[PDB]
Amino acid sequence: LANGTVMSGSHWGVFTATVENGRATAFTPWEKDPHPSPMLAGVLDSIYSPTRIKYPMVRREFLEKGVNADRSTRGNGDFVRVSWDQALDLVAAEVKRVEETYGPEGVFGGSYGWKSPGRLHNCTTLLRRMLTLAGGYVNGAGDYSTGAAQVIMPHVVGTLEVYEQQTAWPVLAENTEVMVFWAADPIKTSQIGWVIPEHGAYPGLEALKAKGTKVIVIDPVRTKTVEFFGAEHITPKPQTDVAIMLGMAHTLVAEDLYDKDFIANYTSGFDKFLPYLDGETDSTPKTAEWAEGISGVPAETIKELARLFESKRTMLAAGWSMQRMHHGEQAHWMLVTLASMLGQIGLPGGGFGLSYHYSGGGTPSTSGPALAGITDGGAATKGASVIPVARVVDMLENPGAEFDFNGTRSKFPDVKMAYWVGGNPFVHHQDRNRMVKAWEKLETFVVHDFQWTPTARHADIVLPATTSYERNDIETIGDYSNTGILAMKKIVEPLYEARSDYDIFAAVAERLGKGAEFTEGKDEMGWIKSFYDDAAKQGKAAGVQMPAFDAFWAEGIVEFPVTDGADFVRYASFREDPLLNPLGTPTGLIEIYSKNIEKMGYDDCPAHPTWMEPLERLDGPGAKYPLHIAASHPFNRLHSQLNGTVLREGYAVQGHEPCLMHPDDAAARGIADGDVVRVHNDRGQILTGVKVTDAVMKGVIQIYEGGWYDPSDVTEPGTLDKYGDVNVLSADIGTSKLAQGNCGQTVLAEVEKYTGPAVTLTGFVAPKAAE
């Protein structure tokens, strides 16, 4: 058996494995990693944990009755083990059946998910590759992270903006006077990357603190970001940031401080927004006093923040949680508007940034080539075919109905089958109880995972995939920085009967009479060497030298150099000469008023930043429930990933997902730290374990997304979730008609001490038949 050490990487970093007798015993972080993530140990554990899927399983119910099966028992664990040959025959037969009977419109292949890094083993791309061969599929658009923001930004600043390189960290260190983290926790969220992360924010953040720069954090939770800086902490009532931004704009007009020259030469439509702000259209002057009434943040604090921002070089780095809410589009729309009023856009250290908390945005880019991998075919091949990702349940329930998106109207397709790889829709999608009944509409549900997630438990057919550590691959290090290219080397042998997604899709393409079209005559290393060679020819033309494939593989990593990437300032050419370098909007300037959006006529998305009542907010007129659940991203998980590993022991409370509650709120309900609580609203009910702290502001509770749903009974509508899936409580509604994003953080609920029967958690052990 093997003994040695092997370097690879993941979403958490670059590391070195220790193999002892064919088993990975340790994962040590890369030596050049400036801030390793404590979650690496969990990543190793996920290879071997008890919820690891061993064999191909077919739902008992589906085996005997097929399309006539009772679809309400999905998730109950009654699975039949089958040979791989049987399972593959079944999946291909079923795919072809739905394509002949229903067409391409009957197959939903959006398969949303964070999967695993790697240009060869990209499961989601691989599934679309096979589905393209099978006749076609219905795809998904946008994502759950910036659902609202990515659609509205292009109407305002000209591009997406959220997934674009930021003004470099170094530039901030020498120039920024005030750093504002608005609804962002960069210490927490910078641990992972979409591709191998370099952890570039950490050094950037330390340079700021060493420099003495003033840092202001505007968030309901007392995060690690607040603690690292010992920052000034503004705690708004969740969902009231737009009011605050309006209040701050009012002061600025009220005391005549805003930058009139900036507004005049770089923006458009401001004079159509002024009336609104002054109260001339609705009789409600958007003052600090007015904003205080809605946000709960002292009026004078609001006036002082606005003055301090106008007289110092300020950077507003805003998170994305505040756009994962009803009317999400106004959050960043108002922040650009407020940034525009201060006049620092395009100045070194000033402006705003939407990616400083995500995937190393702000880390200087190198000049290395770009890496590419397997594609799904489409650019060389030949109802609606694309739906906004968060409208998947609506689709299912309303086949044929119309829907609005970015100014157009389309019809939902009539889907009969869902194929999901590398994602966890039974943990990530809002309103679990709505989705559970909606899934009954689907004839067949096929899932690939290596962990028995709530999504896998609910499948008709489940196939065991391997991790990234049981195969070979190549991937980039740094989403923005392009630090290097990594060889993701095989560590151990595929466990039990696990197989790569690629191998499973090759096999299914073969039964559709299309194998050579899927594989292209190449094997694993064949594909990897062709990606590397492509980048190497690219690098060569740009004067970046790169080893030959085997040389590169022997080293395992290639790093590229940094030339002028540490001097980059977002929006500097635009500010320097706006006529020569205009924005990509109709007017070519920052659009505070949108004629385009006004033409659309959407009630829930006016033509300028506007404050509207959300479906439900804390202390809102007629709100039924008292506490706001900050259903944010987890510290010790990557969404739902790593929940079924040893890491769960350090945060679970009585075996449940933790719930951070304020001492006053706990007293009132006679709740003691450590208790099991019932969290419920009109949508659903969950159990969690309480941690009492004054970190969370009064009126708000913290239950992170990612909890593995554990229903007491799948046949009982509204069954209590035993573990703690926060999406049992969220509502499933589009943000507005413009983007149709998800409102996953628009949740209100009530908490009580659980005094019911004892409960047995069953989600962290595999199904009896799967042992």
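Start at 1 with the first residue shown and count on from there.
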Looking at the other compared entries that model residues on both sides of it, is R499 unmodelled in at least a third of them?
no
Of the other entries that cover residues on both sides, do at least a third skip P464?
no
With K382 and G383 adjacent in the shown sequence, let me know how many deposited residues between them lack coordinates: none, 1 to 3, 4 to 9, or 10 or more.
4 to 9
Entry-level comparison of average CA B-factors, 167 to 175 and 279 to 287, reporting the higher stretch:
279 to 287
Averaging the C-alpha temperature factors as deposited, the higher value of 406 to 414 versus 473 to 481 falls on 406 to 414
Comparing recorded Cα B-factors across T453, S355, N398, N643, which one is largest?
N398
Based on the PDB entry, the highest CA temperature factor among the options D241, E613, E198, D85 is that of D85
Split into thirds by Cα B-factor across the chain's modelled residues, where does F309 land: lowest, middle or highest?
highest
Going by the entry, which third of its chain does the Cα temperature factor of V14 land in?
lowest
With respect to C-alpha B-factor, does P561 fall in the lowest, middle or highest third of the chain as deposited?
highest
Tell me, lowest, middle or highest third: where does the Cα B factor of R59 rank within its chain?
highest
For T746, return the chain-relative third of its C-alpha B-factor as stated in the PDB record: lowest, middle or highest.
lowest
